[PDB]
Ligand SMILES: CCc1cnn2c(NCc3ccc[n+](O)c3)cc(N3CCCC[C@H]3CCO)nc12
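Okay, so here's just one chain, in structure tokens, the form solved without the named molecule.
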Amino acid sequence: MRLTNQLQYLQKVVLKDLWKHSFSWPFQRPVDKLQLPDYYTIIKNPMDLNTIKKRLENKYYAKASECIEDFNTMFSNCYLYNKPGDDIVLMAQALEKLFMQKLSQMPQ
């Protein structure tokens, strides 16, 4: 179709941009007038931006590709266990477009 640089771009640029986006709150913990069904929709995804942020702070990833797998896990779980029209899905989709744009610009 260098490891420190990749991981540093993922932390300081990619994650930063998602973290600060206005739709990232369903993908963060804690969740801060939310209805209870919607609270469950958010928290039933076992991957979130917090987990990725901590792994990046604590040198958890041996490869940048392992970081990308966590991101995939997060988006994938959203799409799998919610319906295509759902708010959480459309929000995940906008974050995912931002993620893929920024990933595309990562130095190679």
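If you superpose the two forms and keep the largest set of C-alpha atoms that fall within 1.5 Å, you have the rigid core. In case it trips you up, residue 1 is the first one in the sequence shown, and so on.
The deposited sequence places no unmodelled residues between residue 57 and residue 58, so the chain runs continuously there. The entry shows a gap from residue 1 to residue 2, with 4 to 9 unmodelled residues of the deposited sequence in between. Remark: stretch with higher mean C-alpha B factor among 39-47 and 60-68 is 60-68.
Looking at 86-94 and 9-17 together, the entry lists the larger mean B-factor for 9-17, computed on C-alpha atoms. Annotation for residue 34: CA B-factor lies in the highest third of the chain's modelled residues.
Below, we refer to the form deposited with the named molecule bound, which is not included among the displayed structures.
Site check by superimposition: the named molecule, modelled from its position in the deposited bound form, clashes with the backbone and C-beta atoms of this form, with 3 or more atoms inside 2.4 Å, and the site reads as blocked. Among heavy atoms of residue 52, none comes within 4.5 Å of the named molecule in the deposited bound form. Among residues of the shown chain, residue 41 is not one whose heavy atoms approach the named molecule to within 4.5 Å in the deposited bound form. For residue 45, no non-hydrogen atom is located within 4.5 Å of the named molecule in the deposited bound form, even though that partner is not displayed. Within this chain, residue 87 lines the site of the named molecule in the deposited bound form, having a heavy atom no more than 4.5 Å away. Counting a residue when any of its non-hydrogen atoms is within 4.5 Å of the named molecule in the deposited bound form, the hits in 14-38 run 25, 26, 27, 31, 34, 36. The rigid-core alignment places the CA of residue 66 less than 2 Å apart between this form and the one not shown. After superposition on the rigid core, the Cα atom of residue 77 is displaced by less than 2 Å between this form and the one not shown. Put the two forms on the same core and the Cα of residue 42 is off by 2 Å or more between this form and the one not shown.
Put simply, residue 40 and residue 69 come closer in the deposited bound form: their C-alpha atoms are 3 Å or more nearer than in the form shown. Between the C-alpha atoms of residue 39 and residue 79, a gap narrowed by no less than 3 Å is obtained in the deposited bound form, as opposed to the form on display.
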